[PDB]
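Chains as they are written, first to last, in the authors' numbering: chain D, 7 to 542; chain B, 7 to 185; chain C, 7 to 542; chain A, 7 to 542.
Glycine included, each C-beta is placed from N, C-alpha and C at the ideal position.
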Ligand code: NA
Ligand code: NA
Ligand code: NA
């Protein structure tokens, strides 16, 4: 019955506004050295009158603590095709959903509403192993009396020191046009470049080690201001020249941030493999297409442009030392019938750019086995087939699959999401790709949206709430979300397995059978980490 | 564990999206003659896949029924200076709140979400006193199979006939600038 | 804010009167076939006025449900030497404690007071595997309106069928004088015999498979009406005759109830190993000692009696086919100094009864390594030492040890207690012994007590609340307690591990390190059973 | 996280065992001179092991401090018909309740259990106004280290000196049979007279200025040893003689203790007004009725006895100078239908005792307006009606009314109870009556009880916990309770209002509207007293 409740809680449990108060005061955490670890400080006012509340740490200076506030976004409906066993928030949703993380340490406490701060700890490589403790102080007012409570946090620091992940690469298709739309700035202006640096820095600090370049704008939809980072001009009919200066700046920036791998945009448009890319040239204030919207992939015009572009790309790659460090795309998901479309396109590349190896989403194993692509990217629900053929591959996931399958949605429970990197490791994926880092705007339209009130690009239920974006637009760059912090900590768990020498075949991982059939409790994660980290 | 729940409920109880399904089938109302009276037809899908649902009356023509859909608005916080004893929605708010009434009789039923239609009855002065009953029909799909349920409403109509209110005046400061 | 709250809850969480209402409606359980499983139906009136409430099942006929009401007893203080981390009821105790189970399905609901019914399910061996569901109905009154609520229970019934436990034996020193004192009847009259059958049947249905015979009364204190089941008469000085008829009736009874193993009383009195047992002979209305209270264990008198008694015992055991099915005791816990006492007594037994093998509480490993006894019974806090010596042994526990250690007290959390059989199994105990099944009276005095208001035999804090008794005296036999149902279900979990073929060395049990260092959450129990039972 | 917490707390806040530790060190009180004031010294061990703790004062000699220990009694349920807004102990009860005050200053501190001592200060008339301070010392052990803490108490002493209360009379129906039953002594033996003097002295030291004489035993139930202080013997049929010696001793005693006012037993039995009193005459070892249990109030036999008794009563009253200082009773609460019963009885008295004026519980205002009684005693919930008639009257309360209404129950908040004298004063009661000072035994039966474990005379919920008794049986007289000290301090506040000259109409009291609608916070009491006392 206390006027104000405050408790500690782990990073794998959502707190909904109408959650009941808990009592805690004490939390123990575990961490490898050179790693990052998270927890929540929850609070619920039992007072008619609103008040202020402040979160702070004491004695945590060596862990460079970071204190943020968990904001809520509206979730209108549960995502479809998800059984209740696989939904988070049963009893609480549809309703307010915790997700964005805001950089404040003081907020207003509202009557009878459970909220939380999110605290991020940096465990340095040099820290002495064993137990390190600190305190969290919560301060508020009851009338004119000042009140406070201390809570006790313990981190049991393993001897294990994490090494950089190897032979596993992660890419997200971040969107320059989303920055242009949500912040209302000219594409490639200097504000655009700050926001882009800030995003790429966010990505690499959350485990994404591949920097996407959209040299060609990716959408079928035609934009007035597309994000085409390659500059193209057409002085006389069918003779093109190319200015690489924007891509060159992006590569400089990403290399300064720590990237070594880069990824290039698609070369044929995703209606099957049947259309050519939309490529624009500047004119007046905005951009205009070089050829017809419906131009075919096998056209004379588009192949005449590839005859000139691909060698220029090769010269750029040489000049900037990017051949061995680039991943290339052709086109996405040809069904069986589309196969010959893509075969023709692939042979065209082999003729014009034999140096270029391709990777693409091919979920049909019978047609990724045929060698259509060079490195296939099945959706996770086709992973098993590729594994029985033992074909090496990347995996991706998007609005689907759902129900029992791994995913990253608003209503995917956090422990399930936290299994991502364990599954990546045990099922021996080469890498993971995802389309929806900051796709903040209206699906397939040059029309900004509102990520703080709309989580499915206005396309629910085909687009699941949570699929388009894991970060939110902040005034100077991205705000993280809970999902993104958990996903990042999951890529870290993949580094824990690797650094500790655990083999995918190890019995402690044997219940991870598919991207569908796998343990998904916070306890399995805690117990398995305790074994690994205390063996050391 | 039924795939679709539908029940009846009175006009004095908010139904929140995460409310549990109930069982009803039958509701009795009371009404003076020359008056207006209301109730709700609630529904909760227990299916992963969304489906359509339709609300209609049968045998109610003399009550000129009106069928509307209850919409939700976001309630970010409880209002301050209201103790919990005096709050509606304890355990469900802050959250989605039922309040607007929309003029539709069909909607999409969403997974695991309790919603309702709102039904308005006109009890005419000329009606015979006593029990008048009618049925409500709900129609939806499970896969390609059509499904329905009838529910039973009874109105116990008094001999009292309402007269126009007198010596009591009500005003609201409607706002032309708001339009 | 509902006038009446009713919810479902598991058998591993005490409900205190001032617990907050919950919402539930749905509970899932898991169960092996040929087993028994439990849960609670909780309820809290939010009304000024008291009302009646009734609990019943619907659609459970195949599970022979049993519906009982959880009663409360006073807990005046927490037991000492228990850190708050290890106490149940923090924030609620000292106070009313749920424990006795009464056979009613209707009670009065009192204002703002959270109570619960306790429901028991029988999962028959023949039941079909998979999900079985039923409902619980609660009925009460609000003013003159009848009200009710259905709640939904689902039991996921494993393919596994439990086999009788083997090679693990459990004994409790039930007390006949406790029946005579609490029901005010003559020792060995016919009501005494009904109540003894009821107690022994209770025991075997709770996993206790060894029947204790107090042929000699165990207490140092001299009683006027001792529970000495052997009839002894001394017609001339130092010549004794023996009547086994009461023991023979007890053995018939226990065999009819299912027992095969039996246990005999101590032969030397528990002040070290230095005094002879108090043995009585009838005289007038009650009994009188045969020799002085302080007679020594190595007396001429006592050895002259052992020379006559032990061959009569051997003849009886032969006649009744009980030698190989009997456990025998010498005396308990000699400190180092006392060791020669016990050595001398042991040699006397070797001389007079070489057939008799002995088992006793020896918690000193260096003097159980020396062979003093034949089967040692360390207290659990000495188990580790005995295991590094790898000496086979039983374990016991009593008022101690406490804090982190396994125990069965009023303020021992139920998931901790529920771990008993997991610990017995993984740490490979031969058996478990406990002194306090129904020690209902005043410690070491011929004076009844009141188990419904006194839980430590009037000896706290040396005797812990919950230590003397796990059942309460009912009009026709024992009433069960929550502790007793949980401990029973824990012995059943030992049968689950055995029947499913889980080896003590199995990785799923590797965190069970000692009777002190071991998981104790409801989550661990549930998840580990889910693995075992769904592998099937 | 201190091993032992100690803090100060006011006399208007119950401390429950599971209350959290607080920090204090400093408490200021306010007091009129010639008054008595109280506070608590609380303590909570945060230690696994029990320890001793001792409470004492330093520098308080001029205030004649008294240090006692608050004991707990079991409260099984809340009283019914009390909304939570009006219950003390929300979140802590049902459970252990503080109430008895025991004469010890050292106790055992138990693990994680908040307890308190109760300290009583005497503020002498002669003290200099202004601030007086002293210290409280708490001493305990941690292992073998002795530990202690000083706490600081301040008392702000007003210029106001309290005068003896006037025109306001308080009576409690103390029970001689309760002493006989709970101490197992013969009625009117010499132990009886010690315990009776001790009770009567207790009452007058708590504001009770009227001594009840049960000349006739009050209960309908027939006792073998009734408390009938008038000695009656019947030598021949229908001719009675009277020995007044016990009543005379009782009057001498109460006059020695300070009483001036007395009150006599009922003359008609409380089944309506229809039965005659049970009057007994000695025989052998105990007493026997003079006439039938069911004899009528209007019988010939009983009126023939009143013809003889009432003139003897008058002669005694003259001889002992008691007419102008005595209150008389007829019978309690006739409903409307019973009215003619009581009318007949009243006229009988007018014929046989016209000098006798009567006061009785009549809650029906239309039948106290009719003159049935001379000075009426409505229950508090009928007070309002009697005030709108502006009829002068006494007020009483018992198991009822409840909810918002004033009362003195185990679960009545102490600030609410503390308003009693403020309400008596402002609503201008002539006096207050209560049935349950020391009704310690089983309701309506010659069978002792246990006030330490049963607080409703075994009759809950019809009898509310707390209603039968405000003191507990001590070895040499009553133990006070918290409720009794608070009630006493409330009668003292009535003396403050009187001695300070505050008028019932004074605006500072205007929120006191009814015995239901009235402020009930500690803050209101404190602020209003501060105003009164600092005007001075
Ligand atoms: Na692709
Ligand atoms: Na032994
Ligand atoms: Na009276």
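Sorted by chain position, which residues of the same chain lie with C-beta nearer than 8 angstroms to residue 19/A's C-beta, five sequence neighbours on each side aside? Taking the first residue of the fourth chain as 1, we reach residue 19/A at position 13. For residue 19/A, where only same-chain residues beyond five positions count, the Cβ hits under 8 angstroms are 46, 420, 528.
According to DSSP, residue 57/A sits in a beta bridge with which residue or residues? Here the question's residue 57/A lines up with position 51 in the fourth chain. DSSP lists 115/A as partners of residue 57/A.
For the alpha helix (DSSP H) containing residue 319/D, list its first residue and its last residue. Taking the first residue of the first chain as position 1, residue 319/D is located at position 313. That run of the alpha helix (DSSP H) goes 306-326.
Cutoff 7 angstroms; reference residue 6/D; Cβ partners in own chain excluding five residues on either side: Nothing can be reported for residue 6/D: it is not among the residues displayed for chain D, which extend from 7 to 542.
Could you please give the first and the last residue of the uninterrupted alpha helix (DSSP H) stretch that includes residue 533/D? Translated into the one-based positions of the first chain, residue 533/D becomes position 527. First-last of the alpha helix (DSSP H) with residue 533/D: 528-541.
Identify whether residue 285/A lies in helix, strand or coil by the three-state DSSP scheme. Translated into the one-based positions of the fourth chain, residue 285/A becomes position 279. Looking at residue 285/A - three-state DSSP - the assignment turns out to be coil, as it is neither helix nor strand.
To the nearest angstrom, how far is the alpha carbon of residue 192/A from that of residue 442/A? Here the question's residue 192/A lines up with position 186 in the fourth chain. Here the question's residue 442/A lines up with position 436 in the fourth chain. Between residue 192/A and residue 442/A, the C-alpha separation is close to 22 angstroms.
Decide if the stretch 279-295 of chain A is in contact with the stretch 225-235 of chain A; the criterion is three or more beta carbon pairs, one per stretch, under 8 angstroms apart. yes
Is residue 83/C close to chain A? Criterion is C-beta to C-beta, closer than 7 angstroms. As a first step, residue 83/C must be located in the third chain, where it is residue number 77. Interface residue, yes.
Please return the same chain residues whose Cβ sits closer than 8 angstroms to the Cβ of residue 219/A, not counting the five positions on each side in sequence. Within the fourth chain, the letter at position 213 stands for residue 219/A. Correct list, in chain order: 235, 253, 256, 257, 268, 269, 270, 271.
Near ligand 2, which residues have their beta-carbon closer than 6 angstroms to a heavy atom? 272/C, 335/C, 338/C, 366/C, 367/C
Name, going along the chain, the residues of the stretch 88-109 of chain C whose beta-carbon falls closer than 9 angstroms to a beta-carbon of chain A. Taking 9 angstroms as the Cβ-Cβ cut-off against chain A, the residues of the stretch 88-109 of chain C that qualify are 88, 89, 90, 93, 95, 96, 97, 98, 99, 100, 101, 102.
Just the C-alpha distance for residue 453/A and residue 335/C, rounded to the nearest angstrom, thanks. The sequence position of residue 453/A within the fourth chain is 447, counting from 1. The sequence position of residue 335/C within the third chain is 329, counting from 1. Each residue's Cα considered, the two are about 49 angstroms apart.
Please tell me whether residue 1/A has its Cβ less than 7 angstroms away from any Cβ of chain C. In the structure as shown, chain A begins at 7 and stops at 542. Residue 1/A is therefore absent and cannot be evaluated.
So which residues on chain C does residue 467/A lean against when the C-beta distance must stay under 8 angstroms? Locating residue 467/A in the fourth chain gives position 461, counting from the first residue. Simply 56.
Taking Cβ positions only, does residue 119/A come closer than 7 angstroms to chain C? Position 113 of the fourth chain, counted from the first residue, corresponds to residue 119/A. At least one chain C Cβ lies under 7 angstroms of residue 119/A.
Could you tell me the boundaries of the beta strand (DSSP E) in which residue 246/C lies? Locating residue 246/C in the third chain gives position 240, counting from the first residue. Its beta strand (DSSP E) spans residues 245-249.
Using DSSP bridges, identify the partner residues of residue 129/D. For the purposes of this step, residue 129/D is taken as the residue at position 123 of the first chain. Partner(s): 41/D.
If you draw a straight line from the alpha carbon of residue 436/C to that of residue 524/C, how long is it in whole angstroms? Along the third chain, read from residue 1 onward, the residue named residue 436/C stands at position 430. Along the third chain, read from residue 1 onward, the residue named residue 524/C stands at position 518. Distance between the alpha carbons of residue 436/C and residue 524/C: 19 angstroms.
With distances taken from CA atoms, which of 166/A, 142/A, 163/A is nearest residue 156/A? In the fourth chain, residue 156/A corresponds to position 150, counting from 1. When only C-alpha atoms are compared, the closest one is 142/A.
What did DSSP end up calling residue 466/C once you bin it into helix, strand or coil? As a position in the third chain, residue 466/C is number 460, starting the count at 1. Reduced to three states, the DSSP call for residue 466/C is coil.
Quick one: what's got a C-beta closer than 6 angstroms to residue 27/B's C-beta in the same chain, skipping five residues either side? Mapped onto the second chain, residue 27/B falls at position 21. Counting only Cβ-Cβ distances below 6 angstroms, and skipping sequence neighbours, we find 11, 50.
Taking 7 angstroms as the cut-off, decide whether the C-beta atoms of residue 303/A and residue 227/A are in contact. Indexing the fourth chain from 1 puts residue 303/A at position 297. Indexing the fourth chain from 1 puts residue 227/A at position 221. The answer is no: Cβ separation not under 7 angstroms.
Of all the CB atoms in chain C, is at least one closer than 7 angstroms to the CB of residue 529/D? In the first chain, residue 529/D corresponds to position 523, counting from 1. Closer than 7 angstroms to some Cβ of chain C, the Cβ of residue 529/D qualifies, so yes.
Spell out whether any CB of chain A is found under 7 angstroms from the CB atom of residue 147/C. Reading the third chain from its first residue, position 141 is the one you call residue 147/C. Not an interface residue.
Does residue 24/B get closer than 7 angstroms to chain D when you measure Cβ to Cβ? On the second chain, position 18 is the one that residue 24/B refers to. Look at residue 24/B: its C-beta is under 7 angstroms from a C-beta on chain D.
Taking the Cβ atom as the reference point for each residue, do residue 73/A and residue 125/A lie within a distance shorter than 7 angstroms? Against the fourth chain, residue 73/A aligns to sequence position 67. Against the fourth chain, residue 125/A aligns to sequence position 119. Yes; because the gap between Cβ atoms is below 7 angstroms, this pair is in contact.
For a contact defined as C-beta to C-beta under 9 angstroms, what are the partners of residue 29/C on chain B? To locate residue 29/C, count along the third chain from 1; it is residue 23. Under the 9 angstroms cutoff, chain B gives 26, 97.
If we count the other Cβ atoms within 10 Å of its Cβ and call it buried at 16 or more, is residue 149/B buried or exposed? Within the second chain, numbered from 1, the residue matching residue 149/B stands at position 143. Of the other Cβ atoms in all chains shown, fewer than 16 fall within 10 Å of the Cβ of residue 149/B; this residue is therefore exposed.
Going along chain C in order, which residues have a C-beta closer than 9 angstroms to the C-beta of residue 116/A? Position 110 of the fourth chain holds residue 116/A. Result: 82, 83, 84, 86, 100, 467.
Would the stretch 154-174 of chain A and the stretch 90-100 of chain A be scored as touching if the rule is three or more Cβ pairs under 8 angstroms? no
Does the stretch 164-178 of chain D come close enough to the stretch 200-208 of chain D that 3 or more CB-CB pairs lie under 8 angstroms? no
Any chance you could list the alpha helix (DSSP H) runs of at least 4 consecutive residues sitting entirely within the stretch 359-389 of chain D, in chain order? Taken in chain order, the stretch 359-389 of chain D contains no complete alpha helix (DSSP H) segment of 4 residues or longer.
Could you compute how far the alpha carbon of residue 428/C sits from the alpha carbon of residue 439/C? Sequence index remark: in the third chain, residue 428/C carries index 422 (1-based). Sequence index remark: in the third chain, residue 439/C carries index 433 (1-based). Cα-Cα distance, rounded: 16 angstroms.
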